[PDB]
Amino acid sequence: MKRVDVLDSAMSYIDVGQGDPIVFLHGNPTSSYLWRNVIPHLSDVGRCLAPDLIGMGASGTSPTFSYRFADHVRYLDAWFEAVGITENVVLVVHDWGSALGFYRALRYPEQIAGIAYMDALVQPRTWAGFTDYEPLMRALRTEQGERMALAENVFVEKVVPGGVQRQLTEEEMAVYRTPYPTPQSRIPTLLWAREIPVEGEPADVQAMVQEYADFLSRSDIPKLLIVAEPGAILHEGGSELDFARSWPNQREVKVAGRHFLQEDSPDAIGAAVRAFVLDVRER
């Protein structure tokens, strides 16, 4: 991994391969490690960059514990500018990485060659779309959340294995746990749960996500929707997957998986993203 100073912290990132950039953005509570088996399908056809968000993975932390979605937008923006990833970018995005990638595309669409997304935040959420995650996520957004996320590390210890069909190995869990040895290191995982815009709140995030949803539902940027079966955020019958399927200039590929589909079908995801990247570069 490389590392670059960004604002008051420092962001580690994978950087492998040559040519136009392919930027892989993870979400909660993961890191670039989530892409480790997808990237080898791309590193001979582009320059694969996968940053660890601040507070996460191998990156530095926020000295002011500034971990709202807007803070991560600012940190990741500084990363795009410091590394120089501002032209012909294919974004490959998941979970909160998709909100970061989509918001980047909204503000700098002339930099974005295409977007491949999966179990993504494509519009503000409703409680029904959470399906069987609704109890947990409702609780994290009450005063129970400090105990569940910080004292008990629920996102790593329960949500990650719960979102993988196969059995994660002990080495893989050890990696996912590594950024979060203490309660006070787990604040980003709790913030990510509380920042989800759900039926109007938080209103500032809701406006940002609504703005990029309106934009992408009218954008001719080429898109690849990877649908996991059964998936999680984007699932058959759900209102969010239905909205996603409304977007223009888009093709869809289906793979096996739950929320963390990269742990179950990395080779099929990689094949689909590779074909998409080659198509995009042909223009």
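In case it trips you up, residue 1 is the first one in the sequence shown, and so on.
Trainee: Would you tell me which stretch averages the higher CA B-factor in the PDB entry, 52-60 or 221-229?
Mentor: Between 52-60 and 221-229, it is 221-229.
Trainee: So which stretch wins on mean C-alpha B-factor, 131-139 or 116-124?
Mentor: Stretch with the greater average CA B-factor: 131-139.
Trainee: Out of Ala203, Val209, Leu76, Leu106, which residue has the highest Cα temperature factor in the PDB record?
Mentor: Highest C-alpha B-factor among the listed residues goes to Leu106.
Trainee: Whose C-alpha has the highest temperature factor in the PDB entry: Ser66, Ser43, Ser32, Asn37?
Mentor: Of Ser66, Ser43, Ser32, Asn37, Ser43 has the highest C-alpha B-factor.
Trainee: Could you say whether, by C-alpha temperature factor, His26 belongs to the lowest, middle or highest third of its chain?
Mentor: Its C-alpha B-factor, which the entry lists for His26, ranks in the lowest third among residues of this chain.
Trainee: Grab the CA temperature factor for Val4 from the record and place it in the lowest, middle or highest third of its chain.
Mentor: It belongs to the middle third of the chain when residues are ordered by C-alpha B-factor.
Trainee: Relative to the other modelled residues of the same chain, rank the CA B-factor of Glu110 and answer lowest, middle or highest third.
Mentor: Highest third, going by the recorded CA B-factors of the chain.
Trainee: For the chain shown, is the CA B-factor of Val159 in the lowest, middle or highest third of its modelled residues?
Mentor: For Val159, the deposited C-alpha B-factor lands in the middle third.
Trainee: Using the B-factors in the PDB entry, rank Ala10's C-alpha atom against the chain and give the third, lowest, middle or highest.
Mentor: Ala10: CA B-factor falls in the lowest third of its chain.
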